[PDB]
Amino acid sequence: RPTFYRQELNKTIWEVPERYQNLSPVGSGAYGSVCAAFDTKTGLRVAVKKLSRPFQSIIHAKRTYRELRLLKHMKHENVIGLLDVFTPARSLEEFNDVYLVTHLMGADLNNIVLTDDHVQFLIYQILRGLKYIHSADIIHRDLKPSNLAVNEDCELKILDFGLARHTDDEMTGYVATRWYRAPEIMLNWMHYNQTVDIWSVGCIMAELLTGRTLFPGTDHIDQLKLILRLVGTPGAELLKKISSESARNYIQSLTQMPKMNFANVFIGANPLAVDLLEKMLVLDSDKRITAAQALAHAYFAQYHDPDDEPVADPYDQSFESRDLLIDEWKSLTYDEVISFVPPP
Ligand SMILES: On1c(-c2ccncc2)c(-c2ccc(F)cc2)c2ncccc21
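- Deposited coordinates in this entry are attributed by the record to X-ray crystallography, at a stated resolution of 2.10 Å.

Okay, here's the thing in structure tokens:
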């Protein structure tokens, strides 16, 4: 057990191991708060998160567990790594606070939105990380430029796993929180697959190429109209797959429109980018290209290496369908804190 010291920071007492020095507030929110620090043990600039209300309710305790399990599992260059997790508690009985540690990220994909080779390299890396997380049945569900961290050398990591679900109010109106979302999840059409994330990649790739939001809807309905103008109204085949009678019935109220010519939308773009976009931005999620198929697409020929695109270890998420009491989720979280072993 290391020695901890105490410090008042963004209104709470932070108690962290001495190895972590120069804590400075960088962020705050209902999730808790984040400080930058220097980890003297590794030489790394880290983000240290102190969870707020980790075990306040069943849903909170389970979410804290879910985040720790997810972050502990991620062992990939294009995905956030867990550097450390700790608590000042010496036993389960006195366990209350959880701190999570990862690499301090600076620039995101927003503070970057480029040449075609840049776009290649960035989208290549997203798909690389997606192949990895999808191979473990982990779906991101919320990919947007703001959780794609990029360094000076254009190296990319996907962030944001097991975070608190967005509220209805947060998804309302002219907001980037919804612009990258696949229509099936935006309108709750059906059970959604791993390729919800591929739809988001298409949106982000289009934005990298053009400098502009692809579907900047002023609300859910306006956004769907923007989507259907590009990719065409659904055929009978996908209509049957929308399990909500309400949604399907509404979709049917709309004037039929054909899929547009993507070369006429993405003017001047590499024809291979255009082809990839057409294969990612398919309305029927059963027909969308997957991460693994996309990595093999000619657009990425300069970066594609089938021997350097690893898959993940099996990820047991049986806990997701488990009902437990607050104290049970907390004990499982404890066990996970205690069993953590740092990366090399
Ligand atoms: O910005 N930010 C961050 C963050 C990450 C990296 N650099 C700056 C902030 C995290 C985070 C910090 C440490 C972890 F182990 C996991 C997530 C985070 N979590 C919730 C909400 C916002 C967050």
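Things to note about the packing of aromatic side chains
Working step 1: Inspection of every chain in the model, using the stated rule, returns 16 aromatic pairs.
Working step 2: A centroid spacing of 5.8 Å and a plane angle of 15 degrees characterise the contact between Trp199 and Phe215, whose relative ring orientation is stacked. In this pair, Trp199 is assigned in helix α5 (residues 196-210) and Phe215 in the loop between α5 and α6 (220-231), connecting sequence segments 16 residues apart. Grouping residues by exposure puts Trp199 and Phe215 together as buried.

Thoughts on unusual backbone geometry
Working step 1: Even without being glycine, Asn22 reaches a positive phi, approximately 55 degrees.
Working step 2: If you trace the backbone, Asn22 turns up in strand β3 (residues 20-29).
Working step 3: Accessibility expressed as a relative area gives 56% for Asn22, which makes it exposed.
Working step 4: If you check the backbone angles, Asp160 has positive phi at about 85 degrees while not being a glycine.
Working step 5: One can find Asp160 in the loop between β10 (156-158) and α3 (176-179).

A closer look at the pairing of strand β4 (residues 32-39)
Working step 1: Among the eight residues that make up β4, seven are buried, leaving the element largely enclosed by the rest of the structure.
Working step 2: Inspection of the sheet shows β3 paired to β4 by seven bridges, in the antiparallel sense. Across the sheet, residue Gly29 finds its bridge partner in β4, namely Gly32.

Considerations on the nonpolar core
Working step 1: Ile123, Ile126 and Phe161 are the most contacted members of the largest nonpolar core, which has 88 residues in total.
Working step 2: Excluding anything up to four places from it in sequence, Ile123 contacts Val201, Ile204, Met205, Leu208 and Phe300.

Rules of the game
- Residues numbered from 1 in each chain as written, not as in the entry; some residues may be left out.
- Heavy atoms only, no water.
- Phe/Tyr/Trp six-rings, centres within 6.5 Å; stacked < 30°, edge-to-face > 60°.
- Helix = DSSP H or I, 4+ residues; strand = E, 2+ residues; numbered from the N terminus.
- Buried < 20%, exposed > 50% of the residue type's maximum accessible area, 1.4 Å probe, protein only.
- Pairing = 2+ DSSP bridges.
- Core = buried A, V, L, I, M, F, W, Y, C linked by side-chain atoms within 4.5 Å.
- Contact = heavy atoms within 4.5 Å.

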